[PDB]
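Each remark here refers to the structure printed beneath this line.
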Amino acid sequence: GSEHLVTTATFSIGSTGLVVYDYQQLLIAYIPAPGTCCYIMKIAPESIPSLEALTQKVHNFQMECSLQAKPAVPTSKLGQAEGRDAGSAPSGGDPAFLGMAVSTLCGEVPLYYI
């Protein structure tokens, strides 16, 4: 379906880099290089500021990041949750549970949420 995308939430930050803006998903994921770390950005429904501002925050520093070995999946689902696993004590959080857009785009790529 490349001939016709007819898909909303389409944003473009640059020719080499593409930014996925989700107004309904309230989530965002900017993919720099073909196989680099990803970032997550939350936005309100009646909020959602300008993209130019966001880019400034990303370019403000060295997004260049790289993980090694962290708990839970990086950003890819599979099919498991409501099972026997209790999830240890009541604390923590699994960031790898966003939409398929950022989940697939980042695949098995880590994240730090800047």
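Going by the structure tokens order, chains are called A, B, ..., each with residues numbered from 1, while ligands are numbered from 1 in the order shown.
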
DSSP-assigned strand (DSSP E) among chain A, expressed as JSON, numbers by chain: {"A": [18, 19, 20, 21, 28, 29, 30, 31]}

Can you spit out the residues from that selection as a compact mmCIF listing (two decimals), in the first residue's frame, using N, CA, C and O atoms?
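As a result, selection.txt now contains:
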```txt
# COMPACT_ATOMS: atom_id res chain seq x y z
N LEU A 18 13.07 11.23 9.89
CA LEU A 18 11.62 11.38 9.89
C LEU A 18 11.07 11.33 11.31
O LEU A 18 11.53 10.55 12.14
N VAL A 19 10.08 12.18 11.59
CA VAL A 19 9.46 12.23 12.91
C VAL A 19 8.00 11.83 12.85
O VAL A 19 7.22 12.38 12.06
N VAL A 20 7.61 10.87 13.69
CA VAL A 20 6.24 10.40 13.73
C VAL A 20 5.44 11.11 14.82
O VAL A 20 5.68 10.89 16.01
N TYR A 21 4.51 11.95 14.41
CA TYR A 21 3.68 12.70 15.35
C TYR A 21 2.31 12.06 15.50
O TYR A 21 1.58 11.88 14.52
N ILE A 28 5.18 9.94 20.71
CA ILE A 28 6.06 10.37 19.63
C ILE A 28 7.38 9.60 19.66
O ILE A 28 7.91 9.30 20.73
N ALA A 29 7.91 9.30 18.48
CA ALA A 29 9.17 8.58 18.37
C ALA A 29 9.97 9.06 17.17
O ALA A 29 9.56 8.90 16.02
N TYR A 30 11.13 9.65 17.44
CA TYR A 30 12.00 10.16 16.38
C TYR A 30 13.12 9.18 16.07
O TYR A 30 13.93 8.85 16.94
N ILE A 31 13.17 8.71 14.83
CA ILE A 31 14.19 7.76 14.41
C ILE A 31 15.29 8.46 13.61
O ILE A 31 15.10 8.86 12.46
```

Residue A:113 environment, 9 Å, only C-alpha atoms, sequence neighbours closer than 2 positions dropped, as a PyMOL selection string: chain A and resi 38-41+95+111

Restrict the selected residues to N, CA and C atoms and save them as a CSV table (one decimal), in the first residue's frame.
```csv
chain,number,residue,atom,x,y,z
A,38,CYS,N,16.1,5.2,20.2
A,38,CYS,CA,14.8,6.0,20.0
A,38,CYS,C,14.5,6.8,21.2
A,39,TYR,N,13.5,7.8,21.0
A,39,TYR,CA,13.1,8.6,22.1
A,39,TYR,C,11.6,8.7,22.2
A,40,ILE,N,11.1,8.9,23.4
A,40,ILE,CA,9.6,9.0,23.6
A,40,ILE,C,9.2,10.3,24.1
A,41,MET,N,8.1,10.9,23.6
A,41,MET,CA,7.6,12.2,24.0
A,41,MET,C,6.1,12.2,24.2
A,95,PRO,N,8.6,0.9,29.7
A,95,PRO,CA,8.5,1.8,28.7
A,95,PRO,C,8.2,1.2,27.3
A,111,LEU,N,15.9,2.5,24.6
A,111,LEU,CA,15.4,3.9,24.8
A,111,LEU,C,15.8,4.4,26.1
```

For stretch 103-109 of chain A: contacts at 7 Å, only C-alpha atoms, fewer than 2 positions along chain excluded, given as number ranges by chain: A: 36-38, 74-76, 98-101, 111

Residues flagged helix (DSSP H, G or I) by DSSP in chain A, as a ChimeraX atom specification: /A:51-59,100-106
